[PDB]
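One structure is given here, and the rest of the page talks about it.
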Amino acid sequence: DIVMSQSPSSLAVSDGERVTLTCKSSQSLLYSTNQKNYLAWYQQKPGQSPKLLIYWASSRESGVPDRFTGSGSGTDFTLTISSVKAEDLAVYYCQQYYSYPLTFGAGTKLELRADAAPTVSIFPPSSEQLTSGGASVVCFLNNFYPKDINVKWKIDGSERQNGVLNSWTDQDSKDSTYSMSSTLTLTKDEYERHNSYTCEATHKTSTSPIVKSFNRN
Amino acid sequence: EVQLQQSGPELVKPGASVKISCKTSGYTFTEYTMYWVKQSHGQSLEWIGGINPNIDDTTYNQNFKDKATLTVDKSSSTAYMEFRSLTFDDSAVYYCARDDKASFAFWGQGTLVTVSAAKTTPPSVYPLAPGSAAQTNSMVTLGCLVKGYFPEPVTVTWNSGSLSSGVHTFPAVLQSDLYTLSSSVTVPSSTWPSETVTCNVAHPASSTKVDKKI
């Protein structure tokens with residue numbers, strides 16, 4: 001089957017700059033009789049249907065604005081946007097129509113900028129949690145950027161990876177930031193056999209990891 | 001121009017069969033072909049297959065062998081798609097694709113088909129509060145955990161919509177055939193703990209509403 005790769009996966013852009021997307025195929029998608037390239041670029045909004053923008057990889061569809069243009073033929077396919085807007089926050093795809101079965105791309109998403117970082121969001125477990133027979137300590141990461149972050153759970157100096165439930169959010173529409181929650185659940189007698197719980201997270205904009213912990217007794 | 005109306009969300013158990021429709025209007029059904037695209041993992045798109053309604057030409061993907069058989073309706077002008085032997089990896093949103101020309105293809109609104117061996121439970125909520133007596137930040141953050149509900153979604157507001165600013169809603173995670181979520185809002189230190197706050201969760205599938213004061 002014809003497989004396609006996309007590069008890069010994600011990139012941070014500002015308002016008004018030029019965005020170039022690359023789609024590469026393993027085989028040639030050029031039909032020699034009519035010099036056409038059977039590939040089309042896609043665009044899907046969060047909560048809406050995916051729509052087409054560029055057909056035959058070099059021509060514009062009616063209804064698409066003049067900022068969306070495409071170039072390339074055969075193997076290298078390029079989609080160049082002249083000036084992005086605030087409504088251009090979407091995920092782009094490229095799909096070939098050369099041979100069956102049809103395959104899709106990996107997906108490219110654009111981001112915004114920049115410079116967000118958290119300090120402390122440590123919440124101890126409440127009294128209503130232990131009556132149900134379990135225990136749960138949470139760690140949020142609000143107002144942080146970029147989304148590439150690593151969370152680590154430490155219990156009395158020992159690393160524990162089982163029971164960690166992570167959850168990432170999308171980009172905010174007010175300050176262009178992200179939020180991440182990490183919930184470690186456990187049973188009730190394991191919570192009483194330990195005292196200290198350390199919430200560890202390493203960041204890119206800091207040269208030292210932020211350490212913070214709390215005690216049970 | 002052309003309308004592609006599909007079915008709504010369905011709650012099905014594992015082992016049954018689900019049928020997905022795609023109503024066509026505004027154009028003739030016996031001229032253009034219909035395709036199906038399965039969207040998994042949020043962003044990844046998978047091709048299911050296609051059907052020619054006039055000559056009964058049917059092709060399917062290698063990943064959908066003995067799973068998806070396509071059937072068209074020549075009298076009601078609509079398409080049908082049925083699945084057999086549903087498993088846990090079939091939790092995805094499915095679209096019907098209208099192959100008009102090689103220039104443009106029209107899409108539908110999508111059918112959310114989730115599958116779990118799962119009963120509708122009322123959500124149990126617990127308030128969260130920081131256990132420290134003092135802090136260095138001028139803001140105090142709070143939250144409440146929503147655990148043990150089915151199905152999606154649950155609308156979580158704060159103080160009956162008055163504290164709408166600075167709210168952060170996290171997506172749910174499936175653990176033991178039931179979803180869990182959380183929320184965090186930022187509160188200035190001039191109100192807490194002299195002024196009380198409340199968590200308002202709502203579940204229209206269970207018709208419950210519990211208020212927890214922090």
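Ligands are numbered from 1 in the order shown, residues from 1 within each chain, and chains are lettered A, B, ... in the order they appear in the structure tokens.
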- Specify as a ChimeraX atom specification all residues of chain A found within 8 Å of chain B, counting only C-alpha atoms. /A:48-52,55-56,61,91,101-107,121-126,128-129,165,167-169,179-181
- Message: Just want the 10 Å neighbourhood of residue B:1, counted on only C-alpha atoms, with same-chain residues fewer than 6 positions away dropped. Output as a PyMOL selection string.
- Response: chain B and resi 25-27+106
- Message: Can you measure atom CA of residue B:3 to atom CA of residue B:96 for me? One decimal in Å is fine.
- Response: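 Between these atoms lies a distance of 11.3 Å.
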- Query: Quick one: DSSP strand (DSSP E or B) residues in stretch 118-204 of chain B, as number ranges by chain?
  - Reply: B: 124-128, 139-149, 155-158, 167-169, 173-174, 179-188, 198-203
Please save C-alpha atoms of the selected residues as a short mmCIF file (atom, residue, chain, number, x, y, z; two decimals), in the first residue's frame.
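Okay, part-v3.cif is ready:
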data_model
loop_
_atom_site.label_atom_id
_atom_site.label_comp_id
_atom_site.auth_asym_id
_atom_site.auth_seq_id
_atom_site.Cartn_x
_atom_site.Cartn_y
_atom_site.Cartn_z
CA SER B 124 -19.90 10.71 43.02
CA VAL B 125 -18.11 14.02 43.62
CA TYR B 126 -15.61 15.03 46.31
CA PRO B 127 -14.48 18.60 47.09
CA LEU B 128 -10.79 19.47 47.10
CA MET B 139 -4.37 33.33 44.34
CA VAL B 140 -5.91 30.22 45.90
CA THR B 141 -6.87 27.43 43.51
CA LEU B 142 -9.62 24.92 44.25
CA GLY B 143 -11.35 22.03 42.51
CA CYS B 144 -13.51 18.95 42.82
CA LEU B 145 -13.11 15.44 41.41
CA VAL B 146 -15.87 13.75 39.40
CA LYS B 147 -15.56 9.96 39.60
CA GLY B 148 -17.91 7.14 38.66
CA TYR B 149 -20.29 8.31 35.94
CA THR B 155 -21.51 19.82 32.43
CA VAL B 156 -19.42 21.31 35.25
CA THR B 157 -20.00 24.96 36.14
CA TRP B 158 -18.92 27.01 39.16
CA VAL B 167 -12.15 27.77 34.49
CA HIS B 168 -10.20 24.78 33.15
CA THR B 169 -12.01 21.59 32.11
CA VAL B 173 -10.07 9.10 30.92
CA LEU B 174 -11.60 5.61 30.76
CA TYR B 179 -14.92 7.93 32.95
CA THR B 180 -13.37 10.37 35.43
CA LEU B 181 -12.69 14.10 35.02
CA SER B 182 -11.60 17.11 37.07
CA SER B 183 -11.78 20.90 37.04
CA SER B 184 -9.72 23.76 38.46
CA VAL B 185 -10.58 27.46 38.82
CA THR B 186 -8.52 30.29 40.31
CA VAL B 187 -9.94 32.24 43.25
CA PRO B 188 -8.45 35.38 44.87
CA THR B 198 -19.76 25.44 45.33
CA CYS B 199 -19.31 22.74 42.70
CA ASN B 200 -22.24 22.21 40.33
CA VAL B 201 -22.22 19.00 38.28
CA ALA B 202 -25.07 17.85 36.05
CA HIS B 203 -25.93 14.49 34.50
#
- Would you return as an NGL selection string the members of stretch 31-94 of chain B that DSSP assigns to helix (DSSP H, G or I) on this structure's backbone? :B and (62-64 or 88-90)
